[PDB]
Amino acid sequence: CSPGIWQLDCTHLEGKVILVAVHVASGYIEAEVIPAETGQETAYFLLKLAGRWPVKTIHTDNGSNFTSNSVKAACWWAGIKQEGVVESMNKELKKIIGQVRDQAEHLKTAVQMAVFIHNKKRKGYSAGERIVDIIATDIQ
């Protein structure tokens, strides 16, 4: 679909929170392990994401995630609006984390290894290749 659409959701593992952003058109993922599921953590994650990619619109499976003043400020400043692929990309990431978990002490390390594996896996291009292609083409 549209190249500026991202989906953001949190998932829970080992008593920690993983914020997962999916670029809907490519299946590319960005993720961070956050101390708590708060509006200030979501706002900070959104500022980082928007500085890296041309973020136009954000989707989520939990609308209340985006009600804080912190989040609304991040979206206002960065010029962001609110509105099977995402379910599939999140499923694949949770399974990859499980598969690499014993290779690291920290959950956050296993998460970043799973993001890397996911983005680099060709399906024939990878999600990492598709995002860069989708965004470059849209610039032209």
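Sequential numbering from 1, following the sequence displayed.
Among the other PDB entries of this protein that were compared and that flank it with modelled residues, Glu37 is modelled in all, so it is never left out in a third of them.
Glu83, though modelled here, lacks coordinates in at least a third of the other entries of this protein that were compared and that model residues flanking it. Count the deposited residues lacking coordinates between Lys123 and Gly124 and you get 4 to 9 of them. In the deposited entry, the stretch joining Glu83 to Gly84 is interrupted by 10 or more residues of the deposited sequence lacking coordinates. Comparing 131-139 with 3-11, the stretch with the higher mean C-alpha B-factor in the PDB entry is 131-139. Legend: mean Cα B-factor per stretch from the PDB entry, 70-78 versus 87-95; the higher mean is in 87-95. Note on the listed residues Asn65, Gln103, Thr57, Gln40: the highest Cα temperature factor in the record is that of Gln103. Reading the B-factor column for the CA atoms of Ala36, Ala50, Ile29, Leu107 in the entry, the top value corresponds to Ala36.
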